[PDB]
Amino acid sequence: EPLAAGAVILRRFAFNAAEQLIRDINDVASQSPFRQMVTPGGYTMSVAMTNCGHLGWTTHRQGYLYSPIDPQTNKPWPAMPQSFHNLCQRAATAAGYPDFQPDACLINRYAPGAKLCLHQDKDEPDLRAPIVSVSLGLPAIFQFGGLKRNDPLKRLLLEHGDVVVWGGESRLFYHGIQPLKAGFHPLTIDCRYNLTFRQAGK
């Protein structure tokens, strides 16, 4: 059984590419550091984030925004690593989205207990473009629902190297990550990373 209409999980798709992806996460973070963003309501997110590529997802007092500039450093986000772009392209093609051209990569870091409450990815103007989501390190429970918040949830363990792609009919589906369980991974030591690729511009 596939995940949803226009959605698929590619298990261990990024396993072989993982070590290089993690080196490149470190390189990106050396320029635009991980930070826990503050919601408009004034709460600090448990997930630490940074971005690469032309546009980066951020919180602001007025809401959420994709920006070409890191508001912390006041410099552009680091360029999207070739390893990121190549993996994303291969995953998108395998998932049935061969024309996907991302211009934005959000890098999430989960410490033990870190979560991402059920939400939609909707800050992007071109809804024809899919989401490519790459898991690295410690395993996490991914929630995948429907168009409405109360739509029944699928719960899927996402392990190191797993790639999830959604778009088309499932593009605006609610999804999230349950509080991360503590553990060890030889490549990340004590955390989970996630790479979320999007077309956020035109």
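Residue numbers here begin at 1 and follow the sequence given.
For the two regions 72 to 80 and 122 to 130, the entry's Cα B-factors average higher over 122 to 130. For residue 109, the recorded CA B-factor ranks within the middle third of the chain. Only modelled residues enter the ranking. When the modelled residues of the chain are ordered by their C-alpha B factor, residue 162 lands in the lowest third. In the deposited entry, the Cα temperature factor of residue 184 places it in the highest third of its chain's modelled residues. When the CA B factors of the chain's modelled residues are split into thirds, the value for residue 136 lands in the lowest one. Ranked within its chain, residue 25 lands in the middle third, by CA B factor from the PDB record.
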